[PDB]
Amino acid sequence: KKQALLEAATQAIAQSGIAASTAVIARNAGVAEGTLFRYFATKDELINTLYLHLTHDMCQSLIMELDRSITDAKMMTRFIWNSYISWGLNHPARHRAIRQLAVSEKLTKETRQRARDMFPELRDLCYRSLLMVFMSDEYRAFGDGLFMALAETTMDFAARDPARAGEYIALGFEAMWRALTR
């Protein structure tokens, strides 16, 4: 099924990178390799769709825990940071794959913009405090990559030192905030 292949592609891309074979992915999904291509016509297609599926999963937990009572930009961003830190901690495979898929040459401009416009409110809540350079078409991926690099580092230190996780998350957040916001 389409769902069993996206899950195998998630784990494979997280462990082996974007160079994961489609022969490994369908095999790790219980279907033959031909079924993979009858759902995802090309390697690049599965790359782009899984990005859309992973970003949809990630933001749906971003906005799910977001307090709509909050109106201050920084406090609101602290909510989204804590949710993203928690999502990666609760879903280590999806976070690793969404990292390697956001980086890649293979993501088309249509998938990149649709990943932002899929949740328009959260986009404006996740972008309208940024350095304007990081919302440009040419540096938006890089801006997402600095954020995710800082978040991953925050995840690792926290899971490996739970007593201090509360401080890693706060320090990581302020560091991210000075790095990317205006």
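A residue's number is simply how far along the shown sequence it sits, counting from 1.
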{"query": "Given 85 to 93 and 99 to 107, the range whose Cα B-factors average higher in the PDB entry", "finding": "99 to 107"}
{"query": "Of 153 to 161 and 39 to 47, the one with larger mean CA B-factor", "finding": "39 to 47"}
{"query": "Residue selected from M58, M118, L130, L146 by maximal Cα B factor", "finding": "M118"}
{"query": "Residue with maximal Cα B-factor (values as given in the PDB entry) among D67, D124, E33, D137", "finding": "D124"}
{"query": "Record-listed C-alpha B factor of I25: chain third", "finding": "middle"}
{"query": "Third of the chain's Cα B-factor distribution that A175 belongs to, per the entry", "finding": "lowest"}
{"query": "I13 - Cα temperature factor, lowest/middle/highest third of chain", "finding": "middle"}
